[PDB]
Amino acid sequence: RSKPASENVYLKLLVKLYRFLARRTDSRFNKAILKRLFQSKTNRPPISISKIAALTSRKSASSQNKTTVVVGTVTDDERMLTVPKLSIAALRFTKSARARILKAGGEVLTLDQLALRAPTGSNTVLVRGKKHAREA
Amino acid sequence: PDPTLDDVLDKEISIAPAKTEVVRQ
Amino acid sequence: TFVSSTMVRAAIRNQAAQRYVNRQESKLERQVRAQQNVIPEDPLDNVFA
Amino acid sequence: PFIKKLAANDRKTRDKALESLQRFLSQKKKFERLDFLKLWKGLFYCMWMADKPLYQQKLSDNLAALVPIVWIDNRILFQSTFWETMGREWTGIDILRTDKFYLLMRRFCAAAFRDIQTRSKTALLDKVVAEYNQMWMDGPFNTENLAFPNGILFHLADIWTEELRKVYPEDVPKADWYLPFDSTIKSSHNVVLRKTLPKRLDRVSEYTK
Amino acid sequence: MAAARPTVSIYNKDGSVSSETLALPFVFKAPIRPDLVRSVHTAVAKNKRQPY
Amino acid sequence: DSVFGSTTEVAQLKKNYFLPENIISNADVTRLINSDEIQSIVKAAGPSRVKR
Amino acid sequence: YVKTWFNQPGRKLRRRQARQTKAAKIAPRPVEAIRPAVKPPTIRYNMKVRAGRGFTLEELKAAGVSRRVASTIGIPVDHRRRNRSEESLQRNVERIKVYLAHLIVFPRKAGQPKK
RNA sequence: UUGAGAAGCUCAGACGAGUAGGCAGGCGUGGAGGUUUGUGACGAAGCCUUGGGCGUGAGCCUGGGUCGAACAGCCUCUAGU
RNA sequence: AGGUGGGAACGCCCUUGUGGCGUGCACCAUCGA
RNA sequence: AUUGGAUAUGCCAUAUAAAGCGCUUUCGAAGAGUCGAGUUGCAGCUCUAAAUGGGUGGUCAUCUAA
């Protein structure tokens, strides 16, 4: 895969940014952020606001100042009642996720604002979503 | 952009007064 | 033996009884959480208004 | 009632409203931060809309010398609201316009160093730098607000010692001139902002302690 | 979104400007997509097609 | 502002309309690459079109 | 053997026209008469309320409208529906009693022989 | 040193038959929206040519003759292509 | 909304690296239900 | 020029009348060779009802065909 299958000309821009950041730096983060923007919509599955709040805040709850980063859509979970002070950076946020983070929490970022906050992608988590539909 | 059975079989709503003067005409 | 032959349909009719108010409560708790999820005002965009 | 004229589309109207702000701001009263955050959304656009390179580099000085017009109590409030409003919307610029919002930052960082020189003749500078340092500890160099971008502080390190020397040609005395940059590289969670900040800074340890 | 002119000069019937302005409407910061419009306008232009 | 509303506020002349947002926060991608956030960390550059 | 819907914009307007030509004659009085509020009969819908056919003979007697002066002033009657419970009766008196409160019948000239 | 249509530019190697089949980029025809401050009775389309030109090719551009009212390039949509 | 092994990435390292050290996404094994 | 339902108004009307709803120490008529059963391809043939009855649905509910 060498060019996104889409025609979203606000996503030729991101690829024009992270395929510059892939080759002028030594991070395999940018060679993993770029290696996901090419993937089709069924290959970038959604991930909820509860699985993100569960991934960072568990075991020792190491959630100090790391920005969760998913190249997908940050959807919502409403069975989660209280939302922790999180910070995410995805392409799309659903309008019930972006209003359930800001209501008590931190920052919602596009991968633009990520590249001006962690240009080499340090102090981050690079999560995915579950690809498993269990039959489809 | 715009900004209990005894009292119902006997009492009626009011005359519903008239606005814009043509339903008052 | 369980229930009579024709009276088993109650369990097939019963789901329908919920199915109107299934979507009806989920059309109102949806909006209730869509009422309380209003983003704050940020009195910075209003100065030019 | 005043700001929405500063964002006019006519330089004969924008500037005509700027000199009357000199009357409006030298008042002897108390101003609340948001009132200086709404006023600083006009002088952003008073400088965002700036045509010529021989006007915007004169407009910056007229904005720089606006600080000594502020009353003594809220003079440090007025710069704190600027560094917030020059760090809240620094990503919205493009390269054809950052070149002119760097010099506004260069002047205001230098305009701070000038006012410490003025305030140093009233009372000892050791407290004046500290409360100025306090303004640096809740504006840019605060750690907990990760949203303050790097491009501000990288340019804030390069102009820190050079416009300390510019306002103090004879000799700048010892104070906590670099204490913002030491508490920043020590615990701030922007990893590059603690790694490459010393590589940009030109700190002078001969006179500081 | 990023940053745009806040106030627009509102003109007169003679050609001269007027002192009163208005805020920039929030629609003018919306995405500019030369691709989505080509997909909708393609589909909306075939809605007054008389059959044959 | 009542037909399209804003990005976080409902358009008043449309039930359940919120203006969309962007996959890129700054609408200009060749002016982040040249910023001070990126060109401080990047590795030493090579040349342009190389010599034969 | 198809069912093509090319007239669907046209039946909309034809209905719209014939709903305006209905109102031409009845210019001061509504284009459709008041219908009661009756609860649907299945286990599924018995919590809903919707318009029905007409007011019963004892919904109408209790409101002061006889069955003969009923259909003059535009009040449908259902000689088949009956009021099993008070709630079916108290809800629909407050359909009539508001309707009579908001309605103004123009009077008429009579035929009393003189001399 | 300007060679940033980053869908561009540039450097170096290997390779080149091809059936059923699979994939990709393009050429042309009739109509539709947009565009060329588009061409046309000083001659549009067509047609003919021992004339010239381009492309690997489907094709296109043009000189001469004939002729007499309309017609084409570009980006999309569409098919009785 | 279970631990144990991998494993994407990211910190702190000091044997520069190597290696150590911590958090470990998807997916896969392992024993829980 | 033909025609609509209205509005006001003039003359006629025949009203010894007609109608709505209380109130009942009173009465309250209801469709057959059809219904129905048997039986041949809703029709044919044989047979042939009843008055809280008769029909269709779960002792009840709901309807009032010919």
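Please read every residue number as a count from 1 along the shown chain.
Each residue, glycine too, has its Cβ placed from N, Cα and C.
Per Swiss-Prot, these features apply:
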| type | residues | note |
| --- | --- | --- |
| MOD_RES | A:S2 | phosphoserine |
| MOD_RES | A:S50 | phosphoserine |
| MOD_RES | A:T73 | phosphothreonine |
| MOD_RES | A:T75 | phosphothreonine |
| MOD_RES | A:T120 | phosphothreonine |
| MOD_RES | A:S122 | phosphoserine |
| MOD_RES | A:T124 | phosphothreonine |
Whole-number answer please: how many Å between the C-alpha atoms of A:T73 (phosphothreonine) and A:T120 (phosphothreonine)?
22
Subset of modified residues A:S2, A:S50, A:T73, A:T75, A:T120, A:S122 within reach of chain D (CB-CB under 8 A):
A:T120, A:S122
Would you mind reading off the Cα separation of A:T124 (phosphothreonine) from A:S2 (phosphoserine), to the nearest angstrom?
25
Could you check which of the modified residues (A:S2, A:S50, A:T75) sits closest to A:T120 (phosphothreonine), going Cα to Cα?
A:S2
Between A:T75 (phosphothreonine) and A:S122 (phosphoserine), how many Å separate their Cα atoms?
24
Suppose we draw a 10 Å sphere around the Cβ of A:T120 (phosphothreonine). How many other Cβ atoms does it contain, all chains included?
18
Which of the three DSSP-derived classes (helix, strand, coil) applies to A:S2 (phosphoserine)?
coil
May I ask for the distance between A:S50 (phosphoserine) and A:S122 (phosphoserine), taken between their Cα atoms and rounded to an integer number of Å?
23
Between A:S122 (phosphoserine) and A:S2 (phosphoserine), the C-alpha gap once rounded to whole angstrom:
25
Taking DSSP three-state, what's A:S50 (phosphoserine) in: helix, strand or coil?
helix
Chain F sits near which of the modified residues A:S2, A:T73, A:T75, A:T120, A:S122, A:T124, counting only a Cβ gap under 8 Å?
A:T120
List of residues, in chain order, with Cβ under 8 A from that of A:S2 (phosphoserine) and at least 6 apart:
A:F38
Applying a 10 Å Cβ distance cut-off over all chains shown, what neighbour count does A:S122 (phosphoserine) have?
17
What kind of secondary structure is A:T124 (phosphothreonine) part of, going by DSSP in three states?
strand
Using a 10 Å radius around its CB, how many other CB atoms surround A:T75 (phosphothreonine)?
20
What's the number of neighbouring CB atoms sitting within 10 A of the CB on A:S50 (phosphoserine)?
16
Does DSSP give A:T73 (phosphothreonine) helix, strand or coil?
strand
